[PDB]
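Only one chain is given next, in structure tokens, and it is the form deposited in one PDB entry.
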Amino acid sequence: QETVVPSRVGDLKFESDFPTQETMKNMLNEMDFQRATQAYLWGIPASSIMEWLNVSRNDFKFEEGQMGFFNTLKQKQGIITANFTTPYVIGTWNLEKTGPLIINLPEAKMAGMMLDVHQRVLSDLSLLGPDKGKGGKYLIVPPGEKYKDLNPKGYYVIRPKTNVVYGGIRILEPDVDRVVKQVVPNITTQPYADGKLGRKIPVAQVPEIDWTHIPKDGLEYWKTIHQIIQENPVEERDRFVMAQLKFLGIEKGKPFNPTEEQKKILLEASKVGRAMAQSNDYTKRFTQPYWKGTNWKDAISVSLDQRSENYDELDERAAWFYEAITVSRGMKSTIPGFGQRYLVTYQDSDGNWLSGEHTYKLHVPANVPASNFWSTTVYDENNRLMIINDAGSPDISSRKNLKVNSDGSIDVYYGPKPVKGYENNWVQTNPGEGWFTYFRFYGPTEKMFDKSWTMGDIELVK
């Protein structure tokens, strides 16, 4: 006898209890689809790091294991939600190709970290790191069992659980030009084999070309997921995800040459997945508003090792790493005057999404709870990069700008430019909505304690 069962995915048809042939084909297509779609979210963090490594080796063409200097707007433009204040020193490499690598870090006041491909923190660097700003030598060891017994004396031995690692550093001193010329030249990476040191690799300077490490879309996304899997070992927590991608044509040790049917499912997974990433990130259902009555929320909810008590933070890391890159102890600092804190808002005081054609205003109260500096940077929602405007000015930082008499500071966001507020203006873009992070570099007590707070952005012109 036949029987039909309606469902969210369509009518399920059975013949003599067994599913019909067509229903099985459909279900296996639905299963592969759902699996690919959820894998999309699972892959957000690694996609970012992998795509950065591709740019480094293929576009910038830096030596495998070589660091890069990012400072100018054109250099930083490709970095997801980067700031346009602190000089960056960044590098990504595959430990399997480089072998044990050393990171000779100079004595200076920097903020940084060591990350694995999925962006878990292996160690902070400089001030809030083992060296405490005094400098030191960090040996990064490949997860290969070969190097299991590698523990050389005189180094901060770091052992990532994957091959594709990442290192990032920031110059915190306001005398940018002076410090870079004093610290960067001394920052270097260096091979280490058996018991002999190799040639030191200097920090190269990033070229002036169009680029970005943001996760790609369509099938490009899967090709890179496939790449992530090929360059790294398979970790226990990811064994089921691997099982779920198998029939989509993605497997470790096998080329990615998907069939048409696999492509069709994958294209859909990328589309629906992207929408879900947006949804999970802007909703941020696992956290709450930093300040009641506002849409401001601490942007970083993920743990350093991505471990909660009974689960690994798939959603928390999916949200934060969808719009940003890296995390560290400092980035979640509760130490007065050290590290940084990040608050984000995607809407105005009416809960409406911020769009580049309207005029907005953010009232920054006096005595901002920050020791080094504070800033507001605008990013485009679509790419989550510093919005490219006519002015060539992505943000506003504690610098040369109009300051109210009560010591408050008003920031304006709009297409054109408010009169008298030319120093405190942010040029948006017609119907190209955006958002922004309010950076706290060297956050004090009143920011942690919620003694000092701000309101959401208010709409001005229609």
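We number the residues from 1 along the sequence you see. What we label the rigid core is the largest C-alpha set whose atoms superpose within 1.5 Å from one form to the other.
Where do the C-alpha atoms have the higher mean temperature factor in this entry, in 187 to 195 or in 256 to 264?
According to the entry, 187 to 195 carries the higher average C-alpha B-factor.
Between 233 to 241 and 284 to 292 (mean CA B-factor, as deposited), the higher:
The stretch with the larger average C-alpha B-factor is 284 to 292.
Between 148, 118, 329, 223, which one tops the list for Cα B-factor in this entry?
So the option with the highest C-alpha B-factor is 148.
Member of 340, 359, 123, 383 with the greatest C-alpha B factor (per the PDB record)
Reading the PDB entry, the winner on C-alpha B-factor is 359.
Would you mind ranking residue 65 by its C-alpha B-factor against the rest of the chain and naming the third, lowest, middle or highest?
Middle third by C-alpha B-factor.
Relative to the other modelled residues of the same chain, rank the CA B-factor of residue 100 and answer lowest, middle or highest third.
According to the entry, residue 100 has a C-alpha B-factor in the chain's middle third.
So where's residue 453 on the chain's Cα temperature factor ranking, which third?
It belongs to the highest third of the chain when residues are ordered by C-alpha B-factor.
Report the third (lowest, middle or highest) to which the CA temperature factor of residue 51 belongs, ranking only the modelled residues of the same chain.
Residue 51: CA B-factor falls in the lowest third of its chain.
Quick check for you: using the entry's CA B-factors within this chain, is residue 129 in the lowest, middle or highest third?
It falls in the middle third of the chain.
The same protein also has a form deposited in another entry, omitted here; what follows describes it.
Can you tell which of 210, 175, 236, 260 moves its Cα by 2 Å or more between this form and the one not shown, with the two forms laid on the rigid core?
So the residue whose C-alpha moves 2 Å or more is 175.
Core aligned, does the CA of residue 47 move at least 2 Å between this form and the one not shown?
No, shifts by less than 2 Å.
After the core is overlaid between this form and the one not shown, has the C-alpha of residue 430 moved by 2 angstroms or more?
Result for residue 430: yes, a 2 Å-plus shift.
Superposed on the rigid core, does the Cα of residue 448 end up 2 angstroms or more away between this form and the one not shown?
Yes.
Closer or farther in the other form, the Cα atoms of residue 451 and residue 299, when the shift from this form is 3 Å or more
It is closer: the C-alpha separation of residue 451 and residue 299 falls by at least 3 Å in the other form.
Quick one: in the other form, is the Cα gap between residue 123 and residue 439 smaller or bigger than here? Answer closer or farther; it shifts by 3 Å or more.
Relative to the displayed form, residue 123 and residue 439 move farther apart in the other form - a change of at least 3 Å between their C-alphas.
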